[PDB]
Structure formats: C-alpha cells, structure tokens
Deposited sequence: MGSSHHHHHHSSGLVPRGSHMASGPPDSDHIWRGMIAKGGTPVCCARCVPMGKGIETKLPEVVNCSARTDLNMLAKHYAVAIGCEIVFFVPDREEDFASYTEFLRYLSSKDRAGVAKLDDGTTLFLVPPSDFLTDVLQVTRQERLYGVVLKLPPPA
C-alpha cells in the first residue's frame, strides 16, 4: 500500500503523484495553499529537532510535465510550498536547490521533497 494522490496549487490540480520515504498519513490531496521563503524555513530548521523527508514523484508519465513545471514555479522564486497532513502538521514542498545541501544538509536530487519539521515542545 503506497500513497497515491493529487498535488494542487491553491486548490487547482497540478498532477497526480506518488511517494517514496527516507511520517503520518498524507491526505488524498496535498494542496499547496501558500509559499514560504527558503530563509524563513531555514530559521525553523535551525531550531528543529526532527526533520522527516519524503520524495514526491509524478504518478504516471502524463503527470511529468506538470510536476516539472511546478518545481520551477517554486525554485524560480526561491520558495517552498505549504500544505498539511491529515492531523494538521505543516508539510513543506521543497524543490531542488542549494538549500537542500546547505541548510537541510541532505543529498540533493531533482525531486520535490515533502518536509516536516518538528520543533521543540514546551517544557
């Protein structure tokens, strides 16, 4: 049982997608309801105590051109997308860039990363 669903931008479908791990349940639709500057995410990362990652791949070939285009839509502007898991956790949609190696310090891949940051809990 793999995750298979849709990605959307502002409620507007972008493509269908699947998901390989490196986590809670992904909704049927991962909607990118907003963007965040990579700088802003860098600040949350600096203090995070968990950083979980999945890769989103286009589901089928007909989803490729859109997936690719959605990557440039994010990386152009040095931004990341914002979506949610089922349980309300913030999920960031991070396209390929230096940010992946300099800040998250992970291997870089020409893939969209889903990223959840766990910040410190209260005392």
Note down, first to last, the deposited-sequence stretches for which the model contains no C-alpha atom. 1-29, 52-55
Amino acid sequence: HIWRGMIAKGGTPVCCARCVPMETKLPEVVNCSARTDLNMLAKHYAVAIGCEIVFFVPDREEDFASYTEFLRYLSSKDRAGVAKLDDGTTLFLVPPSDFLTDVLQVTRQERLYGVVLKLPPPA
From here on, numbers count along this sequence of modelled residues.
Using only the Cα atoms and their B-factors as the entry lists them, report which of 26-34 and 71-79 averages higher. 71-79
For the C-alpha atoms alone, is the average B factor greater in 41-49 or in 84-92, going by the entry? 84-92
Among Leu112, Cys15, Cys19, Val106, where is the Cα temperature factor highest, going by the PDB entry? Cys19
Please rank the C-alpha B-factors of the chain's modelled residues and tell me whether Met6 sits in the lowest, middle or highest third. middle
